Structure formats: structure tokens, C-alpha cells
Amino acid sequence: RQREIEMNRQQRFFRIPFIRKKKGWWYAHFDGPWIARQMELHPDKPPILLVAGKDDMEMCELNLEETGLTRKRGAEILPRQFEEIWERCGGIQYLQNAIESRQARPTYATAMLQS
């Protein structure tokens, strides 16, 4: 269910450039303190989409508080700024497939697709 998650865990969204010109971008959706979705967009490359469970080995293992993301001015973004790019890159089908195959850890994002 979406509201019970919502009403207990703040959903927070971040984007930062990769270190060395055009930069690649690292996007994240934190479901409370722990990452739920990760998206990596490099110039002239296909997107990398990552969801908790299936892609744990490629995803941030730190608690949000530990990352320093909340203390980097300009890193935090609107939910919709993440969502629009996630959806444009095929993130809905990606997560849905992960759910279907029983590879996705239940998060706010999967609750969003339970609709």
C-alpha cells in the first residue's frame, strides 16, 4: 500500500554528476534511509536502471544519512524530476519485470506499481 509507506517513510530524490566536458549523472530514490531505485545516465550511452533486490550489488549500500547527499547543496530534487526521467528510460517496465520475476525487494516504488 502506498500511503502507509508514505506516511512513515519520507521519499527523497537526488541527482549528482559523476567525476571525470559533458558529465554523466547519478540519480537516486531513497525510500526512507535506504535506496530503492538508482539510475545512471552517461553521455552517448544507454541508461543504466537499477532496482533494490535485483541490482543490490550495483547500488548504494549506505544509509542516506551517511552519504552526505543531504548536505550537498543542490543535490536534492523533486519527486517528479526523478520520475519523468525514470519513466522516459523505461523504468516502469523495468521494475514491473523485476516484480514479475520475483527479483525486486518491496519498496515504495513497487507499491507505486501495485496499482
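In this text, residue numbers run from 1 along the sequence as written.
Unmodelled deposited residues between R20 and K21: 10 or more, per the record. Taking only CA atoms, the mean B-factor in the PDB entry is higher for 65 to 73 than for the other of 65 to 73 and 41 to 49. With 102 to 110 and 5 to 13 compared on mean CA B-factor from the PDB entry, the stretch scoring higher is 5 to 13. Of the candidates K54, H29, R88, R80, the one whose C-alpha carries the top B factor in the deposited record is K54.
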